[PDB]
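J.: Please find work20.cif (mmCIF, C-alpha atoms) on the next line:
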```
data_input
#
loop_
_atom_site.label_atom_id
_atom_site.label_comp_id
_atom_site.auth_asym_id
_atom_site.auth_seq_id
_atom_site.Cartn_x
_atom_site.Cartn_y
_atom_site.Cartn_z
CA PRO F 5 2.60 23.62 -8.68
CA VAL F 6 5.52 25.47 -10.26
CA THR F 7 9.29 25.09 -10.12
CA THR F 8 11.68 27.97 -9.55
CA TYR F 28 19.95 27.53 -16.51
CA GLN F 29 17.87 24.81 -14.84
CA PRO F 30 15.47 25.38 -11.93
CA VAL F 31 16.99 24.77 -8.51
CA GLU F 32 14.50 21.97 -7.80
CA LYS F 33 15.82 20.04 -10.80
CA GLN F 34 19.43 20.64 -9.74
CA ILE F 35 18.55 19.35 -6.27
CA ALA F 36 16.69 16.41 -7.84
CA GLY F 37 19.88 15.61 -9.74
CA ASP F 38 21.89 15.51 -6.52
CA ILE F 39 19.24 13.30 -4.90
CA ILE F 40 19.12 10.86 -7.82
CA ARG F 41 22.91 10.55 -7.68
CA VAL F 42 23.36 10.10 -3.93
CA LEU F 43 20.52 7.57 -3.81
CA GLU F 44 22.36 5.76 -6.65
CA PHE F 45 19.50 5.22 -9.08
CA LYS F 46 21.68 4.44 -12.12
CA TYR F 56 22.33 10.51 -17.92
CA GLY F 57 19.85 10.84 -20.79
CA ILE F 58 16.13 11.36 -21.18
CA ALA F 59 15.08 8.62 -18.73
CA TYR F 60 17.14 10.43 -16.09
CA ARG F 61 15.66 13.84 -16.98
CA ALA F 62 12.16 12.36 -16.73
CA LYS F 63 12.90 11.18 -13.18
CA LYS F 64 14.50 14.56 -12.47
CA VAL F 65 11.18 16.21 -13.37
CA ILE F 66 9.24 13.94 -11.00
CA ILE F 67 11.58 14.45 -8.04
CA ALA F 68 11.75 18.18 -8.78
CA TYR F 69 7.97 18.34 -8.36
CA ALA F 70 8.09 16.25 -5.18
CA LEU F 71 10.46 18.91 -3.83
CA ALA F 72 8.16 21.70 -5.04
CA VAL F 73 5.01 20.38 -3.35
CA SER F 74 7.04 19.84 -0.16
CA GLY F 75 8.05 23.51 -0.15
CA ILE F 76 11.72 22.95 -1.04
CA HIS F 77 12.81 25.76 -3.37
CA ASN F 78 16.31 26.52 -2.01
CA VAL F 79 19.30 24.37 -1.12
CA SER F 80 19.26 26.12 2.27
CA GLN F 81 15.94 24.41 3.06
CA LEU F 82 17.61 20.97 2.90
CA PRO F 83 20.20 19.57 5.31
CA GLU F 84 23.64 20.74 4.21
CA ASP F 85 24.72 17.11 3.67
CA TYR F 86 21.76 16.22 1.42
CA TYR F 87 24.03 15.70 -1.60
CA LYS F 88 26.37 13.31 0.24
CA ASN F 89 24.29 11.41 2.84
CA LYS F 90 22.45 8.47 1.27
CA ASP F 91 20.63 7.38 4.43
CA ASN F 92 19.39 10.81 5.54
CA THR F 93 18.51 11.99 2.02
CA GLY F 94 16.69 8.73 1.28
CA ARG F 95 14.42 9.42 4.25
CA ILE F 96 13.51 12.98 3.28
CA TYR F 97 13.19 11.92 -0.37
CA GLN F 98 10.56 9.33 0.60
CA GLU F 99 8.66 11.97 2.57
CA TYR F 100 8.77 14.28 -0.45
CA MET F 101 7.59 11.52 -2.80
CA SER F 102 4.68 10.72 -0.47
CA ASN F 103 3.67 14.38 -0.53
CA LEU F 104 3.65 14.12 -4.32
CA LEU F 105 1.60 10.91 -4.24
CA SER F 106 -0.99 12.68 -2.08
CA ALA F 107 -1.05 15.60 -4.53
CA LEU F 108 -1.70 13.13 -7.36
CA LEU F 109 -4.51 11.51 -5.37
CA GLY F 110 -6.00 14.89 -4.41
CA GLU F 111 -8.55 17.08 -6.17
CA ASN F 112 -5.93 18.46 -8.59
CA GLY F 113 -3.93 15.30 -9.33
CA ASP F 114 -4.90 15.12 -13.00
CA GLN F 115 -3.79 18.65 -13.87
CA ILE F 116 -0.68 18.30 -11.70
CA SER F 117 0.25 15.19 -13.69
CA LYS F 118 -0.31 17.09 -16.94
CA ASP F 119 1.69 20.07 -15.67
CA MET F 120 4.61 17.73 -14.91
CA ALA F 121 4.32 16.00 -18.30
CA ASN F 122 4.27 19.37 -20.08
CA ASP F 123 7.26 20.50 -17.99
CA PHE F 124 9.11 17.41 -19.23
CA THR F 125 8.11 17.88 -22.88
CA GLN F 126 8.81 21.63 -23.00
CA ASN F 127 12.28 21.13 -21.52
CA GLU F 128 13.17 18.52 -24.13
CA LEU F 129 12.31 21.16 -26.77
CA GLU F 130 14.21 24.13 -25.32
CA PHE F 131 17.07 22.39 -23.47
CA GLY F 132 17.16 19.19 -25.56
CA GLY F 133 17.92 18.45 -29.18
CA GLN F 134 14.26 17.94 -30.08
CA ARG F 135 12.32 19.98 -32.63
CA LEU F 136 8.61 20.75 -32.81
CA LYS F 137 8.54 18.86 -36.12
CA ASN F 138 10.29 15.78 -34.74
CA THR F 139 9.22 12.43 -33.30
CA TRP F 140 10.17 10.25 -30.34
CA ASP F 141 10.53 6.45 -30.29
CA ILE F 142 7.52 5.78 -28.07
CA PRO F 143 4.81 3.09 -28.44
CA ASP F 144 1.60 4.49 -29.96
CA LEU F 145 3.50 7.68 -30.82
CA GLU F 146 6.20 6.80 -33.40
CA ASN F 147 4.51 8.79 -36.20
CA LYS F 148 3.42 11.83 -34.16
CA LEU F 149 5.26 15.13 -34.35
CA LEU F 150 5.90 16.76 -31.00
CA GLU F 151 3.85 19.86 -31.86
CA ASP F 152 0.70 17.71 -32.22
CA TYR F 153 1.12 16.08 -28.77
CA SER F 154 -2.04 16.21 -26.68
CA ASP F 155 -1.79 16.44 -22.88
CA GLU F 156 -2.23 12.65 -22.78
CA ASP F 157 0.58 12.14 -25.30
CA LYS F 158 2.82 14.13 -22.96
CA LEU F 159 1.63 11.98 -20.06
CA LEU F 160 2.61 8.90 -22.07
CA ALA F 161 5.99 10.42 -22.95
CA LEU F 162 6.83 11.26 -19.33
CA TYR F 163 5.56 7.85 -18.21
CA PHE F 164 7.47 5.88 -20.84
CA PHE F 165 10.86 7.55 -20.31
CA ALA F 166 10.64 7.70 -16.50
CA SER F 167 9.82 3.98 -16.39
CA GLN F 168 13.08 2.99 -18.13
CA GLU F 169 16.24 1.97 -16.23
CA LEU F 170 14.07 1.62 -13.13
CA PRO F 171 14.37 -1.64 -11.13
CA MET F 172 11.06 -3.21 -10.20
CA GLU F 173 13.19 -6.15 -9.01
CA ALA F 174 15.40 -4.22 -6.60
CA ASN F 175 18.16 -5.53 -4.33
CA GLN F 176 18.98 -3.80 -1.01
CA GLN F 177 16.80 -2.33 1.74
CA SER F 178 16.22 1.45 1.80
CA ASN F 179 17.65 1.56 -1.71
CA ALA F 180 14.75 -0.57 -2.98
CA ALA F 181 12.23 1.58 -1.10
CA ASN F 182 13.64 4.66 -2.86
CA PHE F 183 13.15 3.14 -6.33
CA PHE F 184 9.70 1.85 -5.36
CA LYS F 185 8.49 5.40 -4.73
CA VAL F 186 8.92 6.05 -8.46
CA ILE F 187 6.89 2.91 -9.23
CA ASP F 188 4.08 4.16 -6.99
CA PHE F 189 4.12 7.58 -8.66
CA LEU F 190 3.92 6.26 -12.22
CA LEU F 191 1.18 3.72 -11.47
CA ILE F 192 -0.92 6.26 -9.57
CA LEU F 193 -0.39 8.77 -12.39
CA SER F 194 -1.72 6.16 -14.82
CA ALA F 195 -4.74 5.70 -12.54
CA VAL F 196 -5.40 9.37 -11.76
CA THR F 197 -5.17 10.38 -15.44
CA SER F 198 -6.68 8.87 -18.58
CA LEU F 199 -3.25 7.39 -19.40
CA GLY F 200 -4.01 4.02 -17.79
CA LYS F 201 -6.95 3.55 -20.15
CA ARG F 202 -4.62 3.92 -23.14
CA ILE F 203 -1.59 1.86 -22.09
CA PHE F 204 -3.58 -1.03 -20.54
CA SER F 205 -5.81 -1.74 -23.56
CA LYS F 206 -4.94 -4.41 -26.11
CA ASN F 207 -5.08 -2.06 -29.11
CA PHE F 208 -2.15 -0.14 -27.63
CA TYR F 209 0.11 -3.10 -28.50
CA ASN F 210 -1.68 -4.89 -31.36
CA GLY F 211 -2.01 -1.52 -33.13
CA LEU F 212 1.76 -1.19 -33.54
CA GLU F 213 3.99 -2.50 -36.26
CA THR F 214 5.27 -5.93 -35.31
CA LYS F 215 8.85 -4.75 -35.76
CA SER F 216 8.22 -1.84 -33.37
CA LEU F 217 6.70 -4.20 -30.80
CA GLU F 218 9.68 -6.51 -31.29
CA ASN F 219 12.42 -4.02 -30.38
CA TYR F 220 10.20 -2.65 -27.59
CA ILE F 221 9.91 -6.06 -25.89
CA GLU F 222 13.50 -7.02 -26.70
CA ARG F 223 15.05 -3.84 -25.28
CA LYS F 224 12.79 -4.33 -22.21
CA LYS F 225 11.15 -0.94 -22.82
CA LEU F 226 7.70 -2.33 -21.95
CA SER F 227 8.53 -3.80 -18.54
CA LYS F 228 5.84 -4.59 -16.00
CA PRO F 229 4.04 -3.15 -14.07
CA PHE F 230 4.40 -0.10 -16.30
CA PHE F 231 3.09 -1.89 -19.38
CA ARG F 232 1.15 -5.08 -20.08
CA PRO F 233 2.34 -6.19 -23.50
CA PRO F 234 0.94 -9.53 -24.69
CA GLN F 235 2.91 -12.56 -23.45
CA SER F 269 -5.19 -10.09 -14.34
CA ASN F 270 -5.84 -6.95 -16.41
CA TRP F 271 -7.66 -4.77 -13.87
CA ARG F 272 -7.34 -0.99 -13.93
CA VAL F 273 -8.70 2.03 -12.06
CA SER F 274 -11.01 4.66 -13.51
CA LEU F 275 -11.02 8.02 -11.73
CA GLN F 276 -13.06 9.63 -14.52
CA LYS F 277 -15.99 10.43 -12.21
CA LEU F 278 -13.64 12.51 -10.04
CA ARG F 279 -11.99 14.29 -12.98
CA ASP F 280 -15.43 15.35 -14.27
CA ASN F 281 -16.62 16.26 -10.75
CA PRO F 282 -13.74 17.05 -8.36
CA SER F 283 -16.20 17.57 -5.49
CA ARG F 284 -16.39 13.76 -5.34
CA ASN F 285 -12.71 13.79 -4.27
CA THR F 286 -12.23 14.92 -0.67
CA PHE F 287 -9.05 12.86 -0.23
CA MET F 288 -7.28 15.87 1.31
CA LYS F 289 -9.72 16.02 4.25
CA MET F 290 -8.68 12.55 5.43
CA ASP F 291 -6.00 11.71 7.97
CA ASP F 292 -2.65 10.30 6.86
CA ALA F 293 -3.66 6.71 7.60
CA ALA F 294 -6.81 6.93 5.49
CA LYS F 295 -4.75 8.51 2.70
CA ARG F 296 -2.16 5.72 2.83
CA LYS F 297 -4.87 3.04 2.72
CA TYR F 298 -6.45 4.64 -0.36
CA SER F 299 -3.04 5.08 -2.00
CA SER F 300 -2.32 1.37 -1.49
CA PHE F 301 -5.78 0.42 -2.77
CA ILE F 302 -5.41 2.39 -6.01
CA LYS F 303 -1.86 1.06 -6.38
CA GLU F 304 -2.86 -2.59 -6.09
CA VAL F 305 -5.75 -2.47 -8.58
CA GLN F 306 -3.67 -0.50 -11.09
CA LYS F 307 -1.04 -3.24 -10.90
CA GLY F 308 -3.83 -5.41 -12.35
CA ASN F 309 -5.12 -7.15 -9.22
CA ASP F 310 -8.78 -7.67 -8.41
CA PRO F 311 -10.66 -4.97 -6.44
CA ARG F 312 -10.77 -7.30 -3.40
CA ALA F 313 -7.36 -5.80 -2.66
CA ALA F 314 -8.95 -4.28 0.45
CA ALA F 315 -6.78 -6.98 1.97
CA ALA F 316 -3.65 -5.01 0.99
CA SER F 322 -10.14 -5.05 10.59
CA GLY F 323 -7.68 -4.22 7.86
CA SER F 324 -10.38 -5.15 5.34
CA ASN F 325 -13.74 -3.35 5.39
CA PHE F 326 -15.19 -4.41 2.03
CA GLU F 327 -18.92 -3.64 2.11
CA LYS F 328 -21.64 -3.63 -0.55
CA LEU F 329 -23.96 -0.64 -0.73
CA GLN F 330 -27.47 -0.37 -2.11
CA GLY F 331 -26.90 -0.28 -5.85
CA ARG F 332 -25.90 -2.32 -8.87
CA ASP F 333 -22.31 -3.40 -8.11
CA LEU F 334 -21.78 -0.44 -5.76
CA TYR F 335 -19.26 -1.08 -2.99
CA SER F 336 -17.42 0.84 -0.30
CA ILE F 337 -14.34 0.56 1.91
CA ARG F 338 -14.15 2.31 5.27
CA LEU F 339 -10.87 4.22 5.56
CA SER F 340 -11.61 5.96 8.87
CA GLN F 341 -14.63 6.35 11.12
CA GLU F 342 -15.59 9.42 9.02
CA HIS F 343 -14.03 8.75 5.60
CA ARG F 344 -14.47 6.02 2.99
CA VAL F 345 -13.81 5.18 -0.66
CA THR F 346 -16.77 4.24 -2.87
CA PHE F 347 -16.55 2.39 -6.16
CA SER F 348 -18.29 0.20 -8.72
CA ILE F 349 -16.90 -2.98 -10.29
CA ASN F 350 -17.21 -3.60 -14.04
CA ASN F 351 -16.63 -7.36 -14.11
CA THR F 352 -16.53 -7.75 -17.90
CA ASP F 353 -14.19 -4.89 -18.88
CA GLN F 354 -12.03 -5.27 -15.74
CA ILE F 355 -12.53 -1.66 -14.60
CA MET F 356 -12.99 -0.39 -11.05
CA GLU F 357 -14.65 3.03 -11.17
CA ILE F 358 -14.16 5.28 -8.15
CA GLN F 359 -17.33 7.08 -7.09
CA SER F 360 -15.91 9.12 -4.19
CA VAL F 361 -13.03 9.31 -1.71
CA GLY F 362 -13.18 11.24 1.57
CA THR F 363 -16.38 12.17 3.28
CA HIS F 364 -19.28 10.57 1.50
CA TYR F 365 -20.86 12.23 -1.52
CA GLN F 366 -24.44 13.39 -1.08
#
```
So, in terms of structure tokens, how does the structure I just supplied come out?
T.:
Amino acid sequence: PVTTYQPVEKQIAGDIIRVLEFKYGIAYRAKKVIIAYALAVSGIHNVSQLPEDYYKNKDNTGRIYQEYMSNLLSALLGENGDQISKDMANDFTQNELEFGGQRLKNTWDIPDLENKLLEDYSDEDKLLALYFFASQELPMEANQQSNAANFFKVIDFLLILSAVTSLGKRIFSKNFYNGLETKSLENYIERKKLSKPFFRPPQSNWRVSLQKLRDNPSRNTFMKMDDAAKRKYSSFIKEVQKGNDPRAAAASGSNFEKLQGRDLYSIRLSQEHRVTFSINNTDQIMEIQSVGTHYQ
């Protein structure tokens, strides 16, 4: 929604990032934005709403952090996830302009954006900027239990964001990379700035399309489901956006059905709720038709 010098939610996010030992530049501030919003949607707007030892207790804070991140994942998967993602991306971009050394007539070193002044940034450009910077310094190949799970919550967020918004269509197409200068691509791959699963630079390619729910939010009734149906849908979107085939229903655990229609399928999430989708086999796109109670 909104966040309340720097906002208290970002100061708290800074304490959380430190005590969970993520590692203080723009990749850190991008993650600070994300965790600030996870706090916001969880109703944390004062330090007095946290345990007094939140800044010093890795084990306790890791637990509440993961709860907060899951609340944010649900918000992204809900009716308003697209605008929420754009709000967060704009929050990030605005704060690099006012509290950072960046001008309106200035560029960032981002793939598919190196020649674009910041004033001309569309909402999707801001999504790409938040995505790109947040993804850096972030271990997909983590090490220790509980630690790893903390870093993985940021993976989930970014991937879902790419699925809930139009961003995943941009970054997971081939023209995103072959449309760059070869020198640009070179330093991007060499400095590991295009790590997987965040990017798919040359050397499967499935992705999720939630366009039908952006154009018609009444098709998304994700919020009416129980937590277990929500977590199954979250995992389903996550797996396909990592590039795996839509038969990721295998994350009685699998309920893959085929409905009446050209390549129209469904997965039961609960006895009342389901997710409905089509499968474009040639373009490697799974298009969500509804989530929640069934559309009429």
J.: Spell out the residues picked by the PyMOL selection byres ((chain F and resi 350) around 12) here, as an mmCIF file with C-alpha atoms, in the coordinates of the input.
T.:
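Final output, saved to expr-v4.cif:
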```
data_model
loop_
_atom_site.group_PDB
_atom_site.id
_atom_site.type_symbol
_atom_site.label_atom_id
_atom_site.label_comp_id
_atom_site.auth_asym_id
_atom_site.auth_seq_id
_atom_site.Cartn_x
_atom_site.Cartn_y
_atom_site.Cartn_z
ATOM 1 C CA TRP F 271 -7.660 -4.770 -13.870
ATOM 2 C CA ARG F 272 -7.340 -0.990 -13.930
ATOM 3 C CA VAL F 273 -8.700 2.030 -12.060
ATOM 4 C CA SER F 274 -11.010 4.660 -13.510
ATOM 5 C CA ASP F 310 -8.780 -7.670 -8.410
ATOM 6 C CA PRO F 311 -10.660 -4.970 -6.440
ATOM 7 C CA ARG F 332 -25.900 -2.320 -8.870
ATOM 8 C CA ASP F 333 -22.310 -3.400 -8.110
ATOM 9 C CA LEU F 334 -21.780 -0.440 -5.760
ATOM 10 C CA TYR F 335 -19.260 -1.080 -2.990
ATOM 11 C CA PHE F 347 -16.550 2.390 -6.160
ATOM 12 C CA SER F 348 -18.290 0.200 -8.720
ATOM 13 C CA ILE F 349 -16.900 -2.980 -10.290
ATOM 14 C CA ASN F 351 -16.630 -7.360 -14.110
ATOM 15 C CA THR F 352 -16.530 -7.750 -17.900
ATOM 16 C CA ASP F 353 -14.190 -4.890 -18.880
ATOM 17 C CA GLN F 354 -12.030 -5.270 -15.740
ATOM 18 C CA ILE F 355 -12.530 -1.660 -14.600
ATOM 19 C CA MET F 356 -12.990 -0.390 -11.050
ATOM 20 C CA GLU F 357 -14.650 3.030 -11.170
ATOM 21 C CA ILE F 358 -14.160 5.280 -8.150
#
```
J.: Could you tell me which residues the PyMOL selection byres ((chain F and resi 122) around 10) returns for this structure, as a PyMOL selection string?
T.: chain F and resi 116-121+123-128+153-159+161-162
J.: Quick one: distance from atom CA of residue F:216 to atom CA of residue F:183 in Å, one decimal?
T.: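 Value for the atom CA of residue F:216-atom CA of residue F:183 distance: 27.9 Å.
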J.: How big is the axis-aligned box around all listed atoms of stretch 142-152 of chain F once 6 Å goes on each side, and where's its centre, in Å to one decimal, as lines of an AutoDock Vina configuration file?
T.:
```
center_x = 4.1
center_y = 11.5
center_z = -32.1
size_x = 18.8
size_y = 28.8
size_z = 20.1
```
J.: Go through the shown structure with the PyMOL selection byres ((chain F and resi 278-291) around 6) and write out the matching residues as number ranges by chain.
T.: F: 110-111, 275-277, 292-294, 360-362
J.: Quick one, how far is atom CA of residue F:296 from atom CA of residue F:329?
T.: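 So the answer is 23.0 Å.
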J.: Determine, counting all atoms listed in the file, which protein, DNA and RNA residues have an atom within 8 Å of an atom of residue F:364; residues of the same chain fewer than 5 positions away are not included. Present the result as a PyMOL selection string.
T.: chain F and resi 343-345
J.: Report as a PDB file with C-alpha atoms, in the coordinates of the input all protein, DNA and RNA residues lying within 12 Å of residue F:81, evaluated on only C-alpha atoms, omitting residues in the same chain fewer than 2 positions from it.
T.:
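part-v9.pdb was written with the following content:
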```
ATOM      1  CA  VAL F  31      16.990  24.770  -8.510  1.00  0.00           C
ATOM      2  CA  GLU F  32      14.500  21.970  -7.800  1.00  0.00           C
ATOM      3  CA  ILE F  35      18.550  19.350  -6.270  1.00  0.00           C
ATOM      4  CA  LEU F  71      10.460  18.910  -3.830  1.00  0.00           C
ATOM      5  CA  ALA F  72       8.160  21.700  -5.040  1.00  0.00           C
ATOM      6  CA  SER F  74       7.040  19.840  -0.160  1.00  0.00           C
ATOM      7  CA  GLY F  75       8.050  23.510  -0.150  1.00  0.00           C
ATOM      8  CA  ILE F  76      11.720  22.950  -1.040  1.00  0.00           C
ATOM      9  CA  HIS F  77      12.810  25.760  -3.370  1.00  0.00           C
ATOM     10  CA  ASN F  78      16.310  26.520  -2.010  1.00  0.00           C
ATOM     11  CA  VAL F  79      19.300  24.370  -1.120  1.00  0.00           C
ATOM     12  CA  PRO F  83      20.200  19.570   5.310  1.00  0.00           C
ATOM     13  CA  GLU F  84      23.640  20.740   4.210  1.00  0.00           C
ATOM     14  CA  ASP F  85      24.720  17.110   3.670  1.00  0.00           C
ATOM     15  CA  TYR F  86      21.760  16.220   1.420  1.00  0.00           C
ATOM     16  CA  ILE F  96      13.510  12.980   3.280  1.00  0.00           C
TER      17      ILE F  96
END
```
J.: Taking (0.7, 9.3, -10.5) in the coordinates of the supplied file, I want to know which residues reach to within 10 Å of it, counting all atoms listed in the file; could you give the answer as a tab-separated table (two decimals) with C-alpha atoms, in the coordinates of the input?
T.:
```tsv
chain	number	residue	atom	x	y	z
F	66	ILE	CA	9.24	13.94	-11.00
F	104	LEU	CA	3.65	14.12	-4.32
F	105	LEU	CA	1.60	10.91	-4.24
F	106	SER	CA	-0.99	12.68	-2.08
F	107	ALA	CA	-1.05	15.60	-4.53
F	108	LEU	CA	-1.70	13.13	-7.36
F	109	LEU	CA	-4.51	11.51	-5.37
F	113	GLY	CA	-3.93	15.30	-9.33
F	114	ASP	CA	-4.90	15.12	-13.00
F	116	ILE	CA	-0.68	18.30	-11.70
F	117	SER	CA	0.25	15.19	-13.69
F	159	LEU	CA	1.63	11.98	-20.06
F	163	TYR	CA	5.56	7.85	-18.21
F	186	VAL	CA	8.92	6.05	-8.46
F	187	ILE	CA	6.89	2.91	-9.23
F	188	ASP	CA	4.08	4.16	-6.99
F	189	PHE	CA	4.12	7.58	-8.66
F	190	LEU	CA	3.92	6.26	-12.22
F	191	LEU	CA	1.18	3.72	-11.47
F	192	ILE	CA	-0.92	6.26	-9.57
F	193	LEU	CA	-0.39	8.77	-12.39
F	194	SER	CA	-1.72	6.16	-14.82
F	195	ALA	CA	-4.74	5.70	-12.54
F	196	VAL	CA	-5.40	9.37	-11.76
F	197	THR	CA	-5.17	10.38	-15.44
F	199	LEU	CA	-3.25	7.39	-19.40
F	303	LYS	CA	-1.86	1.06	-6.38
```
